[PDB]
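Content type PDB, C-alpha atoms and all ligand atoms, from the file upload.pdb:
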```
ATOM      1  CA  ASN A   1      94.748 153.871  88.304  1.00  0.00           C
ATOM      2  CA  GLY A   2      91.963 155.107  85.927  1.00  0.00           C
ATOM      3  CA  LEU A   3      92.029 151.744  84.187  1.00  0.00           C
ATOM      4  CA  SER A   4      89.381 149.075  84.614  1.00  0.00           C
ATOM      5  CA  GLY A   5      91.046 146.373  82.545  1.00  0.00           C
ATOM      6  CA  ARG A   6      93.557 144.125  84.249  1.00  0.00           C
ATOM      7  CA  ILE A   7      96.700 142.263  83.782  1.00  0.00           C
ATOM      8  CA  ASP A   8      97.202 138.970  85.587  1.00  0.00           C
ATOM      9  CA  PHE A   9     100.833 137.995  85.514  1.00  0.00           C
ATOM     10  CA  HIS A  10     101.844 134.243  85.604  1.00  0.00           C
ATOM     11  CA  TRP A  11     105.137 132.449  85.916  1.00  0.00           C
ATOM     12  CA  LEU A  12     106.779 129.078  85.744  1.00  0.00           C
ATOM     13  CA  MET A  13     110.306 127.714  86.189  1.00  0.00           C
ATOM     14  CA  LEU A  14     112.429 126.492  83.300  1.00  0.00           C
ATOM     15  CA  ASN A  15     115.051 123.918  84.250  1.00  0.00           C
ATOM     16  CA  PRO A  16     118.573 124.121  82.751  1.00  0.00           C
ATOM     17  CA  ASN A  17     118.849 122.624  79.238  1.00  0.00           C
ATOM     18  CA  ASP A  18     115.057 122.948  78.362  1.00  0.00           C
ATOM     19  CA  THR A  19     112.586 125.299  76.645  1.00  0.00           C
ATOM     20  CA  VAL A  20     109.267 127.119  76.886  1.00  0.00           C
ATOM     21  CA  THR A  21     106.500 127.616  74.298  1.00  0.00           C
ATOM     22  CA  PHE A  22     103.744 130.092  73.842  1.00  0.00           C
ATOM     23  CA  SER A  23     100.933 129.782  71.341  1.00  0.00           C
ATOM     24  CA  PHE A  24      98.567 132.751  71.236  1.00  0.00           C
ATOM     25  CA  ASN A  25      96.857 135.439  69.191  1.00  0.00           C
ATOM     26  CA  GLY A  26      95.777 137.929  71.797  1.00  0.00           C
ATOM     27  CA  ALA A  27      95.792 139.659  75.157  1.00  0.00           C
ATOM     28  CA  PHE A  28      99.403 138.932  75.632  1.00  0.00           C
ATOM     29  CA  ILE A  29     101.906 140.860  77.688  1.00  0.00           C
ATOM     30  CA  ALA A  30     105.180 139.611  76.421  1.00  0.00           C
ATOM     31  CA  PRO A  31     108.392 139.012  78.321  1.00  0.00           C
ATOM     32  CA  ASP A  32     111.729 140.666  77.011  1.00  0.00           C
ATOM     33  CA  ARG A  33     114.041 139.401  79.637  1.00  0.00           C
ATOM     34  CA  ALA A  34     114.019 136.417  82.050  1.00  0.00           C
ATOM     35  CA  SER A  35     115.607 136.520  85.519  1.00  0.00           C
ATOM     36  CA  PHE A  36     118.318 134.231  86.720  1.00  0.00           C
ATOM     37  CA  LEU A  37     118.692 133.738  90.440  1.00  0.00           C
ATOM     38  CA  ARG A  38     122.156 134.744  91.685  1.00  0.00           C
ATOM     39  CA  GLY A  39     122.543 132.755  94.935  1.00  0.00           C
ATOM     40  CA  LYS A  40     121.747 133.059  98.642  1.00  0.00           C
ATOM     41  CA  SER A  41     120.176 135.987 100.609  1.00  0.00           C
ATOM     42  CA  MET A  42     117.198 136.804 102.827  1.00  0.00           C
ATOM     43  CA  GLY A  43     114.068 138.894 102.579  1.00  0.00           C
ATOM     44  CA  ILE A  44     112.185 140.243 105.538  1.00  0.00           C
ATOM     45  CA  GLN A  45     109.683 142.861 106.412  1.00  0.00           C
ATOM     46  CA  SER A  46     109.863 145.808 108.666  1.00  0.00           C
ATOM     47  CA  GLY A  47     108.418 149.289 108.680  1.00  0.00           C
ATOM     48  CA  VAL A  48     111.384 151.016 110.242  1.00  0.00           C
ATOM     49  CA  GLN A  49     114.819 152.407 109.249  1.00  0.00           C
ATOM     50  CA  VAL A  50     118.088 150.724 108.680  1.00  0.00           C
ATOM     51  CA  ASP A  51     121.510 150.643 110.403  1.00  0.00           C
ATOM     52  CA  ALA A  52     124.865 149.575 108.930  1.00  0.00           C
ATOM     53  CA  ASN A  53     127.413 150.044 111.650  1.00  0.00           C
ATOM     54  CA  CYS A  54     125.931 147.404 113.865  1.00  0.00           C
TER      55      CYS A  54
ATOM     56  CA  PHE B   1     120.900 120.030 153.025  1.00  0.00           C
ATOM     57  CA  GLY B   2     119.962 122.168 155.913  1.00  0.00           C
ATOM     58  CA  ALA B   3     122.975 124.402 156.002  1.00  0.00           C
ATOM     59  CA  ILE B   4     121.831 127.702 154.586  1.00  0.00           C
ATOM     60  CA  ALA B   5     118.527 128.605 156.285  1.00  0.00           C
ATOM     61  CA  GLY B   6     118.551 125.442 158.401  1.00  0.00           C
ATOM     62  CA  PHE B   7     120.759 125.421 161.434  1.00  0.00           C
ATOM     63  CA  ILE B   8     122.875 128.443 160.513  1.00  0.00           C
ATOM     64  CA  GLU B   9     120.599 131.263 161.627  1.00  0.00           C
ATOM     65  CA  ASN B  10     121.865 133.594 158.943  1.00  0.00           C
ATOM     66  CA  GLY B  11     124.474 135.031 156.640  1.00  0.00           C
ATOM     67  CA  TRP B  12     126.992 137.765 156.988  1.00  0.00           C
ATOM     68  CA  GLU B  13     126.447 141.002 155.093  1.00  0.00           C
ATOM     69  CA  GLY B  14     129.995 142.119 155.793  1.00  0.00           C
ATOM     70  CA  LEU B  15     131.657 139.397 153.791  1.00  0.00           C
ATOM     71  CA  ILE B  16     132.286 141.295 150.536  1.00  0.00           C
ATOM     72  CA  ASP B  17     135.235 139.196 149.620  1.00  0.00           C
ATOM     73  CA  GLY B  18     133.525 135.914 149.294  1.00  0.00           C
ATOM     74  CA  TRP B  19     130.319 133.960 149.282  1.00  0.00           C
ATOM     75  CA  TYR B  20     131.792 131.972 152.164  1.00  0.00           C
ATOM     76  CA  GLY B  21     133.878 133.180 155.090  1.00  0.00           C
ATOM     77  CA  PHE B  22     135.272 132.638 158.607  1.00  0.00           C
ATOM     78  CA  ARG B  23     134.453 134.503 161.848  1.00  0.00           C
ATOM     79  CA  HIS B  24     136.237 133.644 165.096  1.00  0.00           C
ATOM     80  CA  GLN B  25     136.787 134.777 168.709  1.00  0.00           C
ATOM     81  CA  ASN B  26     139.400 134.256 171.365  1.00  0.00           C
ATOM     82  CA  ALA B  27     141.394 136.189 173.943  1.00  0.00           C
ATOM     83  CA  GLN B  28     142.205 138.667 171.186  1.00  0.00           C
ATOM     84  CA  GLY B  29     138.898 139.633 169.570  1.00  0.00           C
ATOM     85  CA  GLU B  30     136.636 138.939 166.602  1.00  0.00           C
ATOM     86  CA  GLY B  31     137.431 139.071 162.885  1.00  0.00           C
ATOM     87  CA  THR B  32     135.639 138.255 159.623  1.00  0.00           C
ATOM     88  CA  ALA B  33     137.794 136.250 157.208  1.00  0.00           C
ATOM     89  CA  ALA B  34     136.892 134.532 153.954  1.00  0.00           C
ATOM     90  CA  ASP B  35     137.473 131.182 152.263  1.00  0.00           C
ATOM     91  CA  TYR B  36     138.680 131.240 148.708  1.00  0.00           C
ATOM     92  CA  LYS B  37     138.052 127.608 147.582  1.00  0.00           C
ATOM     93  CA  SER B  38     134.539 127.313 148.923  1.00  0.00           C
ATOM     94  CA  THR B  39     133.667 130.693 147.375  1.00  0.00           C
ATOM     95  CA  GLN B  40     135.508 129.913 144.108  1.00  0.00           C
ATOM     96  CA  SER B  41     134.200 126.416 143.449  1.00  0.00           C
ATOM     97  CA  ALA B  42     130.656 127.923 143.688  1.00  0.00           C
ATOM     98  CA  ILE B  43     131.519 130.737 141.309  1.00  0.00           C
ATOM     99  CA  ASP B  44     132.704 128.024 138.858  1.00  0.00           C
ATOM    100  CA  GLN B  45     129.267 126.511 138.808  1.00  0.00           C
ATOM    101  CA  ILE B  46     127.023 129.607 138.462  1.00  0.00           C
ATOM    102  CA  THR B  47     128.989 130.766 135.429  1.00  0.00           C
ATOM    103  CA  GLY B  48     129.156 127.199 133.976  1.00  0.00           C
ATOM    104  CA  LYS B  49     125.410 127.139 133.575  1.00  0.00           C
ATOM    105  CA  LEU B  50     125.773 130.573 132.167  1.00  0.00           C
ATOM    106  CA  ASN B  51     128.176 129.402 129.389  1.00  0.00           C
ATOM    107  CA  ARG B  52     125.693 126.799 128.337  1.00  0.00           C
ATOM    108  CA  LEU B  53     122.668 128.785 127.609  1.00  0.00           C
ATOM    109  CA  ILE B  54     124.810 131.260 125.624  1.00  0.00           C
ATOM    110  CA  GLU B  55     125.359 128.440 123.101  1.00  0.00           C
ATOM    111  CA  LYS B  56     122.986 129.430 120.346  1.00  0.00           C
ATOM    112  CA  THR B  57     121.999 127.649 117.181  1.00  0.00           C
ATOM    113  CA  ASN B  58     123.221 127.463 113.623  1.00  0.00           C
ATOM    114  CA  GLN B  59     119.796 126.612 112.105  1.00  0.00           C
ATOM    115  CA  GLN B  60     118.244 129.441 110.151  1.00  0.00           C
ATOM    116  CA  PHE B  61     114.445 129.777 109.414  1.00  0.00           C
ATOM    117  CA  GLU B  62     112.635 131.981 106.775  1.00  0.00           C
ATOM    118  CA  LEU B  63     109.714 134.392 107.027  1.00  0.00           C
ATOM    119  CA  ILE B  64     106.849 132.278 105.924  1.00  0.00           C
ATOM    120  CA  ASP B  65     103.915 134.655 106.539  1.00  0.00           C
ATOM    121  CA  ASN B  66     103.087 138.120 105.403  1.00  0.00           C
ATOM    122  CA  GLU B  67     101.806 141.086 107.285  1.00  0.00           C
ATOM    123  CA  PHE B  68     101.707 143.436 104.173  1.00  0.00           C
ATOM    124  CA  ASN B  69     100.200 141.287 101.438  1.00  0.00           C
ATOM    125  CA  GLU B  70      98.507 138.677 103.532  1.00  0.00           C
ATOM    126  CA  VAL B  71      98.413 134.993 102.645  1.00  0.00           C
ATOM    127  CA  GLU B  72      95.322 132.696 102.631  1.00  0.00           C
ATOM    128  CA  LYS B  73      93.084 132.159 105.753  1.00  0.00           C
ATOM    129  CA  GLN B  74      92.786 128.327 105.918  1.00  0.00           C
ATOM    130  CA  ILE B  75      96.559 128.263 106.098  1.00  0.00           C
ATOM    131  CA  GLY B  76      96.975 131.171 108.564  1.00  0.00           C
ATOM    132  CA  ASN B  77      94.954 129.129 111.159  1.00  0.00           C
ATOM    133  CA  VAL B  78      97.432 126.301 110.699  1.00  0.00           C
ATOM    134  CA  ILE B  79     100.599 128.305 110.744  1.00  0.00           C
ATOM    135  CA  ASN B  80      99.260 130.358 113.555  1.00  0.00           C
ATOM    136  CA  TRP B  81      98.573 126.863 114.996  1.00  0.00           C
ATOM    137  CA  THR B  82     102.025 125.499 114.706  1.00  0.00           C
ATOM    138  CA  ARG B  83     103.699 128.664 115.650  1.00  0.00           C
ATOM    139  CA  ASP B  84     101.316 129.387 118.452  1.00  0.00           C
ATOM    140  CA  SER B  85     101.968 125.842 119.657  1.00  0.00           C
ATOM    141  CA  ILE B  86     105.789 126.146 119.413  1.00  0.00           C
ATOM    142  CA  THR B  87     105.370 129.297 121.364  1.00  0.00           C
ATOM    143  CA  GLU B  88     103.604 127.143 124.000  1.00  0.00           C
ATOM    144  CA  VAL B  89     106.468 124.662 124.080  1.00  0.00           C
ATOM    145  CA  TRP B  90     109.496 126.899 124.549  1.00  0.00           C
ATOM    146  CA  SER B  91     107.259 128.751 127.015  1.00  0.00           C
ATOM    147  CA  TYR B  92     107.134 125.421 128.760  1.00  0.00           C
ATOM    148  CA  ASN B  93     110.775 124.665 128.721  1.00  0.00           C
ATOM    149  CA  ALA B  94     111.763 128.146 129.736  1.00  0.00           C
ATOM    150  CA  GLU B  95     109.160 127.405 132.329  1.00  0.00           C
ATOM    151  CA  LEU B  96     111.022 124.279 133.169  1.00  0.00           C
ATOM    152  CA  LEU B  97     114.619 124.855 132.215  1.00  0.00           C
ATOM    153  CA  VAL B  98     114.702 128.312 133.968  1.00  0.00           C
ATOM    154  CA  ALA B  99     112.667 127.001 136.857  1.00  0.00           C
ATOM    155  CA  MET B 100     115.058 124.046 137.323  1.00  0.00           C
ATOM    156  CA  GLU B 101     118.505 125.651 136.801  1.00  0.00           C
ATOM    157  CA  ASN B 102     117.502 127.972 139.602  1.00  0.00           C
ATOM    158  CA  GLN B 103     116.216 125.109 141.745  1.00  0.00           C
ATOM    159  CA  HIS B 104     119.529 123.330 141.280  1.00  0.00           C
ATOM    160  CA  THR B 105     121.514 126.514 142.005  1.00  0.00           C
ATOM    161  CA  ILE B 106     120.645 127.105 145.685  1.00  0.00           C
ATOM    162  CA  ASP B 107     121.374 123.442 146.566  1.00  0.00           C
ATOM    163  CA  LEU B 108     124.940 123.892 145.320  1.00  0.00           C
ATOM    164  CA  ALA B 109     125.171 126.246 148.361  1.00  0.00           C
ATOM    165  CA  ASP B 110     124.066 123.698 150.980  1.00  0.00           C
ATOM    166  CA  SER B 111     126.473 121.015 149.675  1.00  0.00           C
ATOM    167  CA  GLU B 112     129.335 123.483 149.549  1.00  0.00           C
ATOM    168  CA  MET B 113     128.295 124.368 153.154  1.00  0.00           C
ATOM    169  CA  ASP B 114     128.268 120.760 154.478  1.00  0.00           C
ATOM    170  CA  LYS B 115     131.524 120.224 152.641  1.00  0.00           C
ATOM    171  CA  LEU B 116     133.376 123.104 154.583  1.00  0.00           C
ATOM    172  CA  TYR B 117     131.745 122.112 157.829  1.00  0.00           C
ATOM    173  CA  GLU B 118     132.424 118.391 157.864  1.00  0.00           C
ATOM    174  CA  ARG B 119     136.046 119.136 156.967  1.00  0.00           C
ATOM    175  CA  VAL B 120     136.884 121.488 159.796  1.00  0.00           C
ATOM    176  CA  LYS B 121     135.075 118.811 161.711  1.00  0.00           C
ATOM    177  CA  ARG B 122     137.904 116.487 160.720  1.00  0.00           C
ATOM    178  CA  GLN B 123     141.024 118.680 161.122  1.00  0.00           C
ATOM    179  CA  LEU B 124     140.030 119.483 164.716  1.00  0.00           C
ATOM    180  CA  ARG B 125     139.219 115.804 165.113  1.00  0.00           C
ATOM    181  CA  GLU B 126     138.594 114.973 168.746  1.00  0.00           C
ATOM    182  CA  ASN B 127     139.434 118.544 170.037  1.00  0.00           C
ATOM    183  CA  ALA B 128     136.119 120.501 169.772  1.00  0.00           C
ATOM    184  CA  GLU B 129     132.371 119.974 169.998  1.00  0.00           C
ATOM    185  CA  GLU B 130     129.515 121.580 168.093  1.00  0.00           C
ATOM    186  CA  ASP B 131     127.058 123.755 170.079  1.00  0.00           C
ATOM    187  CA  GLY B 132     123.955 124.515 167.984  1.00  0.00           C
ATOM    188  CA  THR B 133     124.053 127.624 165.767  1.00  0.00           C
ATOM    189  CA  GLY B 134     126.776 126.196 163.611  1.00  0.00           C
ATOM    190  CA  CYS B 135     130.008 126.718 165.537  1.00  0.00           C
ATOM    191  CA  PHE B 136     132.774 124.588 166.992  1.00  0.00           C
ATOM    192  CA  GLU B 137     133.131 125.261 170.744  1.00  0.00           C
ATOM    193  CA  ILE B 138     136.888 125.378 171.381  1.00  0.00           C
ATOM    194  CA  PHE B 139     137.882 124.557 174.984  1.00  0.00           C
ATOM    195  CA  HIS B 140     141.597 125.176 174.516  1.00  0.00           C
ATOM    196  CA  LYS B 141     143.663 128.170 173.539  1.00  0.00           C
ATOM    197  CA  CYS B 142     143.753 129.109 169.955  1.00  0.00           C
ATOM    198  CA  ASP B 143     144.804 132.572 168.915  1.00  0.00           C
ATOM    199  CA  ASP B 144     145.047 134.544 165.684  1.00  0.00           C
ATOM    200  CA  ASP B 145     148.010 132.438 164.427  1.00  0.00           C
ATOM    201  CA  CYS B 146     146.397 129.086 165.421  1.00  0.00           C
ATOM    202  CA  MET B 147     143.080 129.800 163.642  1.00  0.00           C
ATOM    203  CA  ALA B 148     144.797 130.583 160.372  1.00  0.00           C
ATOM    204  CA  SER B 149     146.271 127.079 160.468  1.00  0.00           C
ATOM    205  CA  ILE B 150     142.795 125.558 160.347  1.00  0.00           C
ATOM    206  CA  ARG B 151     142.004 127.990 157.524  1.00  0.00           C
ATOM    207  CA  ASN B 152     144.746 126.829 155.107  1.00  0.00           C
ATOM    208  CA  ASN B 153     144.466 123.189 156.238  1.00  0.00           C
ATOM    209  CA  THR B 154     147.929 122.944 157.987  1.00  0.00           C
ATOM    210  CA  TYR B 155     146.474 122.572 161.436  1.00  0.00           C
ATOM    211  CA  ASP B 156     147.767 119.424 163.107  1.00  0.00           C
ATOM    212  CA  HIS B 157     145.361 117.429 165.321  1.00  0.00           C
ATOM    213  CA  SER B 158     148.088 115.779 167.497  1.00  0.00           C
ATOM    214  CA  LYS B 159     149.526 119.269 168.120  1.00  0.00           C
ATOM    215  CA  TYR B 160     146.785 120.317 170.574  1.00  0.00           C
ATOM    216  CA  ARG B 161     145.370 116.867 171.161  1.00  0.00           C
ATOM    217  CA  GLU B 162     145.877 116.393 174.922  1.00  0.00           C
ATOM    218  CA  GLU B 163     144.619 119.871 176.020  1.00  0.00           C
ATOM    219  CA  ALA B 164     141.189 119.794 174.590  1.00  0.00           C
ATOM    220  CA  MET B 165     140.736 116.189 175.750  1.00  0.00           C
ATOM    221  CA  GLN B 166     141.323 117.577 179.225  1.00  0.00           C
ATOM    222  CA  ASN B 167     139.167 120.618 179.095  1.00  0.00           C
ATOM    223  CA  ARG B 168     136.239 118.989 177.228  1.00  0.00           C
ATOM    224  CA  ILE B 169     135.509 116.060 179.653  1.00  0.00           C
ATOM    225  CA  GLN B 170     136.109 118.404 182.674  1.00  0.00           C
TER     226      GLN B 170
HETATM  227  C1  LIG C   1     122.654 119.673  77.841  1.00  0.00           C
HETATM  228  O1  LIG C   1     122.059 119.030  76.727  1.00  0.00           O
HETATM  229  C2  LIG C   1     122.993 118.682  75.696  1.00  0.00           C
HETATM  230  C3  LIG C   1     122.179 118.090  74.567  1.00  0.00           C
HETATM  231  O2  LIG C   1     120.812 117.952  74.927  1.00  0.00           O
HETATM  232  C4  LIG C   1     124.046 117.718  76.242  1.00  0.00           C
HETATM  233  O3  LIG C   1     125.017 117.470  75.232  1.00  0.00           O
HETATM  234  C5  LIG C   1     124.720 118.305  77.477  1.00  0.00           C
HETATM  235  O4  LIG C   1     125.573 117.333  78.072  1.00  0.00           O
HETATM  236  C6  LIG C   1     123.667 118.737  78.493  1.00  0.00           C
HETATM  237  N1  LIG C   1     124.286 119.337  79.668  1.00  0.00           N
HETATM  238  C7  LIG C   1     124.962 120.494  79.666  1.00  0.00           C
HETATM  239  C8  LIG C   1     125.512 120.931  80.993  1.00  0.00           C
HETATM  240  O5  LIG C   1     125.130 121.155  78.646  1.00  0.00           O
END
```

Just give me the structure as structure tokens.
Ligand SMILES: *[C@@H]1O[C@H](CO)[C@@H](O)[C@H](O)[C@H]1NC(C)=O
Amino acid sequence: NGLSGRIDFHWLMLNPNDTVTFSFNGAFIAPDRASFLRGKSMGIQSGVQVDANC
Amino acid sequence: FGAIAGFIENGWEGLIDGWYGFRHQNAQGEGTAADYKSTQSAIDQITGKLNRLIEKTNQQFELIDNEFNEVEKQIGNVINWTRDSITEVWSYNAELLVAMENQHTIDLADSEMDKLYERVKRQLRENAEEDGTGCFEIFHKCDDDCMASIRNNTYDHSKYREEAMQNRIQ
């Protein structure tokens, strides 16, 4: 994409009733909002179209 | 059991209205009848096996691989080892379950054939003998109305008992 520098994105999982801590002074891509899983579903893969009436 | 493709020489392509049927002859003619119980008890079994295998499972499994952004190689040769060995198992049971439920299906036709044959062999009692191709040689008179009494199992053995014991020994 015209850029040679990179951004390697990490992640962890914060349990309910706990915290996270960052100490830094550089090369940081900050988070604004953290996801919260809603419940149960399923992901798949396909390379075709969908149908809804079946 | 020897019935189908044993001592009966063959089956009857005209018997639309059953798996099993009757076919007689007398001073009137020849007619192809059918037998409901013997046909129906066999239908109960072919579709019983059917209602089993339709029972599916309530255990769900997730997509664990990836064919877009591929996973690691040392693990692919282990998942493609477990999956390609589960493939080899259900390809063994479908090799064995399908091979057996068919093996067990034709024999339910030779035991439903020795069960209709050794019964008419008991209503007639001591009034007929068996020739060779699978028939009962009647040596007395039995017409269209008499045959239908052996069909619905109301034939009485002491009703024609003295005639056939006089035309069989002579
Ligand atoms: C969370 O932590 C607080 C204090 O640490 C405690 O009073 C509370 O019972 C915990 N659980 C929930 C569900 O808030």

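Nearest residue to residue 19 in chain B among B:79, B:64, B:34, B:128 is B:34, counting all atoms listed in the file.
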
One residue among B:91, B:60, B:158, B:40 is nearest to chain A when using only C-alpha atoms, and that residue is B:60

CA of residue 160 in chain B sits from CA of residue 30 in chain B at a separation of 21.6 Å

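Counting from CA of residue 168 in chain B, the distance to CA of residue 140 in chain B is 8.6 Å.
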
Kindly resolve the PyMOL selection byres ((chain B) within 9 of (chain A)) on the present coordinates and return the residues as number ranges by chain.
B: 62-63, 66-68

| task | Find the residues near ligand LIG 1 (chain C). Use a cut-off of 12 Å, count only C-alpha atoms and all ligand atoms, and write them as a PyMOL selection string. | result | chain A and resi 15-19

Please produce a file of those selected residues containing C-alpha atoms, as an mmCIF file, keeping the file's coordinate frame.
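Okay, this is what ended up in part_12.cif:
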```cif
data_model
loop_
_atom_site.group_PDB
_atom_site.id
_atom_site.type_symbol
_atom_site.label_atom_id
_atom_site.label_comp_id
_atom_site.auth_asym_id
_atom_site.auth_seq_id
_atom_site.Cartn_x
_atom_site.Cartn_y
_atom_site.Cartn_z
ATOM 1 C CA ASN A 15 115.051 123.918 84.250
ATOM 2 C CA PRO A 16 118.573 124.121 82.751
ATOM 3 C CA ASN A 17 118.849 122.624 79.238
ATOM 4 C CA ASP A 18 115.057 122.948 78.362
ATOM 5 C CA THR A 19 112.586 125.299 76.645
#
```

Just want the 9 Å neighbourhood of residue 157 in chain B, counted on all atoms listed in the file, with same-chain residues fewer than 6 positions away dropped. Output as a ChimeraX atom specification. /B:122-127

Residues as selected, C-alpha atoms, written as a PDB file, keeping the file's coordinate frame, can you do that?
```
ATOM      1  CA  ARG B 122     137.904 116.487 160.720  1.00  0.00           C
ATOM      2  CA  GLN B 123     141.024 118.680 161.122  1.00  0.00           C
ATOM      3  CA  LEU B 124     140.030 119.483 164.716  1.00  0.00           C
ATOM      4  CA  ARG B 125     139.219 115.804 165.113  1.00  0.00           C
ATOM      5  CA  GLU B 126     138.594 114.973 168.746  1.00  0.00           C
ATOM      6  CA  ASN B 127     139.434 118.544 170.037  1.00  0.00           C
TER       7      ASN B 127
END
```

Step by step, gather every atom of range 33-42 of chain A that the file lists, find the box along x, y and z that holds them, add 3 Å on each side, and finally give centre and edge lengths in Å to one decimal, as lines of an AutoDock Vina configuration file.
```
center_x = 118.3
center_y = 136.1
center_z = 91.2
size_x = 14.5
size_y = 12.6
size_z = 29.2
```

(message) So that I can see what lies close to residue 53 in chain B, please list as a ChimeraX atom specification the residues with an atom at most 12 Å from it, counting only C-alpha atoms and leaving out residues fewer than 6 positions away in the same chain.
(response) /B:46-47,94,97-98,101
